[PDB]
Structure formats: C-alpha cells, structure tokens
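# What the coordinates show
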Amino acid sequence: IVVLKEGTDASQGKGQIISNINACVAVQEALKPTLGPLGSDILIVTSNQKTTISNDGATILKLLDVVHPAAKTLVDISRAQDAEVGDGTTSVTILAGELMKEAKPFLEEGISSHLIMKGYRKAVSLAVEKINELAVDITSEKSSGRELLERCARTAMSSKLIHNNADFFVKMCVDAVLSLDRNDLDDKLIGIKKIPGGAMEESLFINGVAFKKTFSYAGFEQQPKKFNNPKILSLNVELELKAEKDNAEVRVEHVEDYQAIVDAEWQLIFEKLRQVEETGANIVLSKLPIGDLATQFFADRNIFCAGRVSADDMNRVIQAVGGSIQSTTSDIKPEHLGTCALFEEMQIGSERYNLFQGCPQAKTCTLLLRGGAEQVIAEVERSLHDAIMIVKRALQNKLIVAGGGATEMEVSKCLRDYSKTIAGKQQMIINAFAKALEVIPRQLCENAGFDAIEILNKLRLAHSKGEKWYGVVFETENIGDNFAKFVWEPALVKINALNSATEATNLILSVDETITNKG
Amino acid sequence: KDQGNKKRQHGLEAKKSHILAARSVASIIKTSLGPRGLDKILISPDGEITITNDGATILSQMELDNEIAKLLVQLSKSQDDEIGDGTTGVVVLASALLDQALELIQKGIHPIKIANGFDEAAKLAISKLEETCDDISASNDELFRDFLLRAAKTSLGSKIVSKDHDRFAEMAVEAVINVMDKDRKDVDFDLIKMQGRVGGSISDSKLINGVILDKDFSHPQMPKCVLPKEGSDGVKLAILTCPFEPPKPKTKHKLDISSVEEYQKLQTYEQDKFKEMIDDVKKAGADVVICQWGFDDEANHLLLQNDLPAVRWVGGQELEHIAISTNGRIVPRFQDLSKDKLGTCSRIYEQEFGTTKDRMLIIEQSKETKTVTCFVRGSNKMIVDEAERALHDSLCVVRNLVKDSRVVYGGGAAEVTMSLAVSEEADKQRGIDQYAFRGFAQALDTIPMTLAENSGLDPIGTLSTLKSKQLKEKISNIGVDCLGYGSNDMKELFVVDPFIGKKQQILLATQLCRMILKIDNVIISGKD
C-alpha cells in the first residue's frame, strides 16, 4: 500500500543520458538554420501573443523557455556568450550539442561518460594552445583608423539588399563608432529608429536623440522649427486645464461660484505655466500629456513643448544635453536645464520628426533609417548591429582570429594530428572532437545554399597544405582567405565558445538522472 | 515554462504547410480580385453583416492565429498606407510567387536561391516596365485633366458609382486640384475630409471649398444665411467650450433657497447674466456662435433679436476642421475672447436640399484653401458608405498620377509584358535562377488568368491570346475584356495604372515571398 514517490517522477540509467542528448538535439535542430549572417530566421510566438522575427540566437533562445532541465544548460551558456562577448550565441549552442550528438555512438559501445568528458577537456586544452598561436595582434599595422573601419564594414554589409548603397552606410557606420568613447564602445548607445517611407540611401545619422512626433492636434505648424541654443526642460508631471477626453465635476451651492472654480482651475495651471516661463525654457519635455491651454500659452510666448514623451527616450535626453528631470515647475534648479547646439524638426520620411542634434554632452546617438517597408528596415537595423559588434570587439580586443570557419578548420586540423601522438581511448575521442568541430563550417554552407560535400572537401585540401587562413567566402561560393576578405572575430570568441560549449557538454553528459518534483 | 500548448514546425513539414496555408487564405481574395470579382459576406463581432469585395477589408475582418497569413495581412497594411489600391492584388501576386517557389523546393532548390531569384527577376522586370511608360502631364495641362478625369472613371466603374460616375469622377479631380499646387505636387488625404449623408440622390454629391457639417440652428427663427454685414471683415465665427448663460452644474443641481433673500438675488442676477453673456459676442465682434454646450430659451431669444445664430453640441473633431479652414481657435472660456481667435471666412449659410429635413450648413472662402470637405449623398446607407471608399480609392489613384507622371496601362496588359521580358532573359543567365525566372514569369501570368476567371473567360486561352497579340504586332499594352468593352488594347479604352503604384506592388510582394522563405522554423506558444 506504501509508495516511494507520491507523484515525483525520477528516471535514471544510461538510457536517460541518451534521452537528455536527444532533448538537446531538438533544441540544436531549431538553432541550426540561424547560424551565419545569411542564415534563416525563426518565427517565434511568445505566450504574450507578441510575434518576433530575428536571427540572433540570444533573443531567440530566451523566447523558447525550454522546460527540459538538461536543455536549460544551453540557455545558461547563451547568456554567458551574450555577456563576455555578445555575438555568436547561435554557434555556442550548436557546438555544445554537437559534442553530445557525436558522443552518442560512444555511449552505445559501452564507453563511460567520464572518459568521454575527460577526452574533451584534453582536446580543449590543446585547442586553447592553438588559439594563442592563431591570435594576431594588430592595431596600426598595415592599416589606419578610418581604412580599417571602412574595409571591414563593406564585407559585413555585403550579401544584403544594402550592398549597392553600402557606400552611404559605411560613412555613417564610421561616424557612429567615432561619435562615442573609443575606450568603451556600447552598441546600445547608438540608437536606431525605423522611419517608414523614402529611399534606403537617404538615411541620415544624428548626433543627438530623436522623438516620434506624437502630435495629432490642430493649432500646430506655426513656430520656427530651427532653434540655436534653446534651454531644454524635463517635466515629470502633466500640465493641462481641459483634456481631450476626461473632465472634472464642479459642485458648489452658489451660481457665481460655478465660474469661480472654472477660473480657479485656470489660475492653478496658468501659475505652473508661467513658472516655466520665468525659468526661461524654450523646450518642454513631459512624459505626461500637455493640455490645450499649455500648448496655446507656450505658442504665444514662443516656447516649444512636447507631451507624452517616452520614458526610455527621455533617459537618453538626460544623457544627451546633460540635464536632469524635475518633478514640479516651481523649484526647478539650473542643473536640470540643458542646452544643445542645434534643434531641428525635419520632414524626413514624409513625416515630421523632432530631434536633438549636435549635443556636446551626449554620450549616446541616434541613427535614422529609411525604406519602403518597416520590416526591410528592421533587417537593415540588425545588419548594422552586426557591423557595430565587429568594431566593438575590434577596439577593446586587439587580438584577432580569422572568422568564417577559417580558425575553426585550423583548430580541428591540428587536433586530428594530435590523435596520432596520443595513444589510447583519447585518440578516438579527440578525433571525434575535431569531427564535431566540422559542424560550424558545414552549417554555414548549408544555410546559404552552398554545397556541403564539395566546398568542405575542397576546404580540407588547401587548408592542410600549409595555408592556415583559408575560410569560406560568403559572397561567391569558393574557398578563400578570410583574413584577406577581412572577416574577423576576436580571439575571445573562440576562447569563450570552446569553454562554454564544453562546460555545457560535460555538465549534461554528467547527469545520470532527472528528478522532477510535482506540486 | 508552459511546455504544453506549444506547436513547432521545422524541416520538411515547414516548407509545405506554409505555402499551402498561404494559398488557402489567398484563395478567398483571388476570386474577389478584379472589377467583376465576387463580393464577400463579412460578419462583425457584434453581428452586423457587411458585403464587400475589397481584399484589404477581408484581411482586416479575418481574425486568425496563422502567422503565415498574418504576414499577408501585414502586406496589405503597408500596401494600404503607401498606396491604398492594389492591396487585393499584391497578396495574390505574392501567393503566385509562393506557389511557384513550392514547385522549385520539390526540385531541390534552396530557399535562398529562390529568394535571390525573385530579387533579380524583380529588378529586371522593373527596368523593362520603366522603358514602356508614357507621360500624361507633359504638353497640354488640360489634356492631363482630361486623362485624369477618365482615369477616375476607370477606378469608379467597379462600384455602384458607375451609374452617375461621370459626376463623381469630377469630384475626385476637383478635390486633388484644390489641396495641391503644381509646384509642390504633395497630396495629403487628411486635407480632404470624407463625409456623406443619406437621402436625396447620389448625383447631388458636390465639393465644397470649406467645411460642411449637418447642423440645425439652436432656434428655428434664426436667419438661415449670414451676410458679411456691409463692409465688415469676413464673417467672424466663435468656437467656445462654455455656453452663454448663467453657469449651471452638469451633474446635479439641488440648490436650496433658505429665504426670500437668495430668491430675490438669483432672480435679478441670472436675469442680468443673460444679457452679459450675449454682449460678450459683440465684445469679440463675432457673427456665428458655435458652442460645445446648449443654450437656454432666453439665450436663443436674445441671440435672435441681435441676429446672432447659434449652434449647439458640435463634436471636438468637427471644431478642429473649422479652426483650420477659418484660421480660428478653440477658446476655453468667455474671458479669453478676441478678434484674432475668431474664424475668418467669406460667407456662412444654411443650405436646403430639396424636401430633406437635414438642412446642412456651409462655411465658404471664395479663394483656394489648404483643406476641403468631400460631400457625398445617396439614396441608401450602404450606397453612401460605398461611395466614400470608392472616392477614397480614387484619391489614392489621383495622388500617384500627379506624384509620378510616368504611367503604365493595366488590367493584365502590364503583367504579361513583364512576363515576356523575364522569359526571354531567363535563357541568358544559365544559372539556378533560370528556373526561378521561369517561375517568376508564370507567377506574373497568374494575375491576368485570375482576372480572366472572374470575367468568365478561359484563363489559359486568354493568357495565350494576351501574349500572341503582343508578339506578332508589338509589346504595346493589350488588356482584358473584364469590363465588357468592345475589344482589347486598353490604350484605346484609357485604363491607366500608376507606375509608382505597380512598382511598389511587385516589390513588397517579392519581399514578403522572400521573408517567408527565410523562415524555416515556426514556434507557436499558448495564449496567456
């Protein structure tokens, strides 16, 4: 009559280890088409009903919410890949699962998983020694500041719809990374806002921050749209008398007191209106709506105001003019105010857009893109982010390895030669480790449509002939040197990937039992 | 979390179901694409039944969980904002590209190779169609308005408009000329107010140079017309949010009078508060009074003796159209009045239409304004609402014509010429795109075959006929008999489509076909 569980499912054995691998392959199989710049996109529907389309493995895998406990380990290394590096979260999950997928015949032959895990740790130690040999230290060597940013951005923007107009985007790509501190470069500090309409080549870069122009109300369009040195004020609270929707009730016992309260509400607001007037602020920004009385009073005094400003965008306004937010209109101090070099509201995109420009105190920027469709621009937005991450890791890290499978084929090569020197069970395990390293160049050719049989075999030939830099050309299908084609990734990518993927590999293969408690 | 209620599609089953589901959703609007296309009964969530053949309304009425079909809805969404005409055909053209792509997938062609094929096929078809376009606004300008008038008659022939359409096509032409200048060439649909009312006949629909609402004056004895009043400045109109009267509570009143003291006071005050609020009109120097709140009987009598017409309870949006046209403002109280906040206009009058009891009002200008109000009439409700969107589609046609003078004939004549050019150049490429270009040419042939199926013609026989007549003679545009005219060659029948409109149709449809091919995996979760 007694039970050992009370509804707690726990399963163990060598079959459970294989079952934990198949769960990681299912997660891997989903992330395979997203590997590479030409890779396919995953269509994800969140439980929030919001639908997103992106090829970045970080954003993708965070939206899967995999319940399987062993497959959750692939999520931990994705956040580590997004933290130490920030790019390549797709390859770290594919490489980790491939090591477990190639270890499947080893578990069937009766090979213990401890020797399997130890065999990979020895292969990684031999791989780290090769990464140091493949790490090239280059800064001013055979290059310059601007020429390095231009030649590397043309390849990142290649094989895209922007290929022909890429000459215009590289100019803004170089200006974007130089508009920020070269010691610390953050991709989040470069803003990108999608503007519907207009040609793709007419996109512009703004040194300051921009807004969405939320005004639907009549009475606008009379004001100078170009300010030289305005005093920008950030207001945390609303100023309105009679709003566009709601209202207020006035209950008194006298007839003459009806108009008194109506005039009282006017004097209470008009007070706070002339307080910004006495402050002398030409720009009024508010996260809350600005009523008709305020817009009409500010227009007669030649004061510009913007209501319902986004909170996330106003935080960049503080980082732009170096000002500060103040709750009320009474006690406003001078450090809350700010002044930029230029304020211009243009017609860009067949829609009026107000923006800050030329802010000397700005620690962030905004890059406006144009195009015929918002989804095509979003593909350009993520394409620009890929070029920023290359420059981001080119500055902070001066050690560069050849990407696009070049370094990947070189690490796998020597490990196949190390198998001849290492006798015993480590010979078959390390040889399978290098065989599992072949998935990175493979999937890149399978995603873009290249032939996996011919290109990889032709790549294994000339690469073993004493030229270590041959990668896979993503433009015209053929083998070629990525160091000449300027496809570059820092040495931290190969170090963090082999460390995180093997950590996820050895952690999952060391799990003999899955204990799931219900309640 | 929440592993349950989660479906996933990847690999083999992904490329199949995505194309088949797109063909099933598009098949509804395929039969509705054309002038003869069949309508659709659409039931609102409240139970109201509507009947329309517009594909943009169909996709908006369709509420579905299919993400592949949502991409088709997003296609008509961007197509309606950019153009607002080919929304029905842009999805059918995209479905033809998806059906030809599925045939190429079964042949072993990679999805990117198909996407790169439709991209190079599009750029090739754009250049070939760009060489065949003609110019209208060139030479005589009256000849432009002649073709512009007959171009609106084509878009209005598929609607109940077609009866009186000769007058309605003039309304679309006179509307775009007023809100646009020859130098600026900017057409803003917000500047043309679309408004209509039931009653009378459709042919009585006119165009006003100013705002026209349907309102009756607060008192019946007030004069129907408002003159400039012997050399005054225009006609001053007042927009205020407060009535002219002693103020009153809007929720509950309940004013307890304890003694005859307050009774004698409020009797004299409120009686004198009547004239004090009426004199505020003469202080501002205004003629027509428009307020958000009503008036008392004495207020209508005092404004009657002073010849001051009043209108009560006008919507907030309607007050904005008056302030823009007459250069007026919305004044919150009566203490903010001035002569610079009053609406300035030439004449205001209440115009009577036949025996109809509406008796609308008109605020005129007598010079070209920056905004107009389209006035529509009809003998039935659904006829009025259909005429409003029919003219709205005509406003989208006249917008692209003045924006780009290059025009191309249509009705199936343009798509076949685009298909003949790609089929010839497909042999010179000799690549994988050779199969993609032939499929792209067959996908362009779907549009004239779809129009032939809706017109009662053989889609295969007409397609070979449209090609044969454009080969033995010349590539010149030759259309389809869908409208039941004498013969083919729309050039003699004056069926014109904008080149910028056809270019955005073949572009967004090609881009969406590629985005679907770029998705090999779909992960759908539950609804929280």
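With that settled, consider the overall build of chain A. From N to C terminus, chain A includes 18 helices and 20 strands. For chain A, the C-alpha radius of gyration of 30 Å lies well beyond 24 Å, the compact-globule estimate for 519 residues. The dimensions of chain A, computed from C-alpha atoms along their principal axes, are 100 × 80 × 40 Å. Looking at chain A residue by residue over its 519 residues, the buried ones come to 48%. Long-range pairs, those at least 24 residues apart, make up 73% of the contacts in chain A between residues at least 6 apart in sequence. A total of about 25400 Å² of accessible surface is found on chain A, and carbon and sulfur atoms cover 49% of it. Taking the average place of the 58 positive charges on the side chains of chain A and the average place of its 70 negative ones, the gap between the two points comes to 6 Å.

The number of helices and strands found in chain B is 17 helices and 18 strands. At 30 Å, chain B has a C-alpha radius of gyration far larger than the 24 Å of a compact globule built from 528 residues. Along the first, second and third principal axes, the C-alpha atoms of chain B reach 100 × 70 × 40 Å. Within chain B, the proportion of its 528 residues that are buried is 48%. Pairs at least 24 residues apart make up 72% of the contacts formed inside chain B by residues separated by at least 6 positions. Here chain B displays about 26400 Å² of accessible surface, and carbon together with sulfur accounts for 48% of that area. Separation between the mean location of the 70 positive side-chain charges and that of the 81 negative ones in chain B comes to 3 Å.

Our next topic: helix α3 (residues 67-82) of chain B. Residues and elements named next belong to chain B. With 16 residues, α3 extends 23 Å between its outermost C-alpha atoms, agreeing within 8% with the 22 Å of an ideal straight helix rising 1.5 Å per residue. Taken together, the buried positions of α3 are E67, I68, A69, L71, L72, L75, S76 and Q79. Among the residues trailing α3, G84 stands out with phi positive, at a value near 95 degrees.

For the rest of this paragraph, the subject is the domain arrangement of chain A. Residues and elements named next belong to chain A. Structurally, chain A comprises domain 1 (139-206 + 396-400) and domain 2 (210-395). Its C-alpha centre places domain 1 at a distance of 30 Å from the equivalent point of domain 2. Residue-level contacts link 37 residues of domain 1 with 37 residues of domain 2. When domain 1 packs against domain 2, close to 4000 Å² is buried across both sides, 64% of that on carbon and sulfur atoms. When the area that domain 1 buries against domain 2 is broken down by residue, the three leading residues are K193, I195 and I206, summing to 21%.

With that out of the way, let us pick up the interface of chain A and chain B. Note on interface size: it is often stated as the accessible area lost on association of the parts. Taken together, the contacts link 46 residues of chain A with 49 residues of chain B. Here chain A and chain B share an interface that buries about 4100 Å² over both sides, 57% of which is from carbon and sulfur atoms. For the chain A face of the interface with chain B, the top three residues by lost area are A:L43, A:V255 and A:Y258, together amounting to 15%. Viewed at the interface, chain B and chain A are joined by two salt bridges. Between B:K518 and A:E379 there is a salt bridge whose closest N-O contact spans 3.0 Å. Within the residue set of the side of chain A that touches chain B, elements represented by two or more residues are α1 (14-31), β2 (41-45), β3 (51-54), α9 (256-279), α12 (374-396) and α15 (439-448) of chain A. When grouped by side-chain class, the residues that make up the side of chain A that touches chain B number 22 nonpolar, 15 polar and nine charged. Bridge count between β2(A) and strand β18 (residues 519-524) of chain B: five bridges; the pairing is parallel.

Residue and element names in this part refer to chain B. Despite not being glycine, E230 shows a phi value in the positive range, around 50 degrees. Residue placement: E230 occurs in the loop between β8 (225-226) and β9 (235-240). For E230, a relative accessible area of 83% corresponds to the exposed category. Even without being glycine, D307 reaches a positive phi, approximately 55 degrees. Along the polypeptide, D307 turns up in the loop between α9 (297-305) and β11 (310-312).

We now examine the pattern of salt bridges. All chains considered together, the criterion is met by 53 salt bridges over all chains. Among the salt bridges present, the one from A:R352 reaches A:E221, with a minimum N-O distance of 3.0 Å. Here A:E221 lies in the loop between β6 (204-206) and β7 (226-227) and A:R352 lies in the loop between β13 (342-346) and β14 (353-357), a separation of 131 residues in the sequence. Residue class for A:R352 comes out partly exposed when judged on its relative accessible area of 35%. Residue B:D65 pairs with B:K527 through a salt bridge whose shortest N-O separation is 2.9 Å. Separated by 462 residues along the polypeptide, B:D65 in the loop between α2 (55-61) and α3 and B:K527 in the segment after β18 bring together distant segments of the chain. On the basis of relative accessible area, B:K527 is assigned to the exposed category, the value being 57%. Several salt bridges share partner residues, and in doing so they unite A:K130, A:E133, A:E410 and A:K413 into one network.

To continue, consider helix α2 (residues 57-64) of chain A. Residue and element names in this part refer to chain A. Three or more residues of α2 are buried, namely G57, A58, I60, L61 and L64. Looking down the long axis of α2, one finds its buried residues gathered within 165 degrees of arc, a one-sided arrangement. Downstream of α2 by one or two residues, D65 has phi in the positive range, about 55 degrees.

Residues and elements named next belong to chain A. Taken together, the three strands give an open sheet; going across it, the order is β4-β16-β19, and neighbouring strands pair in antiparallel fashion. Of all strands in the sheet, those with a lone pairing partner are β4 (136-137) and β19 (488-490), marking the two edges. Here β4 pairs with strand β16 (residues 399-402) via two bridges, running antiparallel. Among the inter-strand pairings, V136 is bridged to a residue of β16, identified as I400. Across the sheet, helix α18 (residues 491-509) is in contact with β16 and β19; its angle to β19 comes to roughly 60 degrees.

For the rest of this paragraph, the subject is the domain arrangement of chain B. Residue and element names in this part refer to chain B. Along its sequence, chain B is organised into domain 1 (1-136 + 406-527), domain 2 (137-209 + 370-405) and domain 3 (210-369). The distance between the C-alpha centroids of domain 2 and domain 3 comes to 33 Å. Between domain 2 and domain 3, the contact holds 16 residues from the first and 18 residues from the second. Buried area between domain 2 and domain 3, both sides added, is near 1400 Å², and the carbon and sulfur share of it is 51%. Taken together, the links from domain 2 to domain 3 amount to zero salt bridges. One can count six residue pairs in polar contact joining domain 2 with domain 3. Put simply, the parts of the chain that give the side of domain 2 that touches domain 3 at least two residues each are α7 (165-178), β5 (192-198) and β15 (372-378). By residue class, the composition of the side of domain 2 that touches domain 3 is six nonpolar, five polar and five charged.

Moving on, we come to the sheet that holds strand β12 (residues 343-345) of chain B. All names here are of chain B. Across the sheet, which stays open at both edges, the four strands sit in the order β11-β10-β9-β12 with mixed pairing between neighbours. Looking at strand neighbours, the two that pair on one side only are β11 and β12, the edges of this open sheet. Going from strand to strand, the sheet's axes swing by 20 degrees on average, the running direction of each strand aside. When strand β10 (residues 288-291) meets β11, the two strands line up parallel, connected through three bridges. Residue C291 lies in a different strand from β11, and its bridge partner there is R312. Where helix α10 (residues 316-325) meets the sheet, it contacts β9 and β10, and its direction lies at approximately 145 degrees from that of β9.

Residue and element names in this part refer to chain A. Axis separation between helix α13 (residues 406-421) and helix α14 (residues 425-436) bottoms out at 8 Å; the angle between their running directions is 165 degrees. Considered as vectors, α13 and α14 are oriented roughly antiparallel to each other. Like other packed secondary-structure pairs, α13 and α14 cross with a definite hand, here left-handed. Packed against α13, whose contacting residues are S412, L415, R416 and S419, the element α14 presents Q427, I430, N431, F433 and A434 at the interface. Per-class residue counts for the contact of α13 with α14 are four nonpolar, four polar and one charged.

Now for the nonpolar core. Counting 67 residues, the largest nonpolar core has B:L75, B:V91, B:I114, B:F118, B:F440 and B:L517 as the members making the most contacts within it. Per-element tally for this core: the top contributor is helix α4 (residues 87-105) of chain B, with 12 residues. With 57 residues, the next largest nonpolar core counts A:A123, A:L126, A:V439 and A:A504 among its residues.

Calculation notes
Residues numbered from 1 in each chain as written, not as in the entry; some residues may be left out. Chains lettered and ligands numbered in written order. Part of a larger assembly, values for the part shown. Heavy atoms only, no water. Helix = DSSP H or I, 4+ residues; strand = E, 2+ residues; numbered from the N terminus. Rg over C-alpha atoms; globule rule 2.2 N^0.38 Å. Buried < 20%, exposed > 50% of the residue type's maximum accessible area, 1.4 Å probe, protein only. Contact = heavy atoms within 4.5 Å. Areas by Shrake-Rupley, 256 points an atom, 1.4 Å probe, with all protein chains shown as cover. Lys, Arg positive; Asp, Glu negative; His and termini not counted. Charge placed at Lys NZ, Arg CZ, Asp CG, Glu CD. Expected span 1.5 Å × (residues − 1). Domains from an automatic or database assignment. Buried area = accessible area lost by both parts, 1.4 Å probe. Salt bridge = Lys/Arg side-chain N within 4 Å of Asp/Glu carboxyl O. Nonpolar A, V, L, I, M, F, W, Y, C, P; charged D, E, K, R; others polar. Pairing = 2+ DSSP bridges. Arc of directions from axis to C-beta. Axes fitted to C-alpha atoms, helices over the stretch in contact; angles between N-to-C directions. Polar contact = N/O pair within 3.5 Å; in protein donor to acceptor, adjacent residues only side chain to side chain. Parallel < 35°, antiparallel > 145°, perpendicular 65-115°, else oblique. Left-handed = near helix turned anticlockwise from the far one by under 90°. Core = buried A, V, L, I, M, F, W, Y, C linked by side-chain atoms within 4.5 Å.

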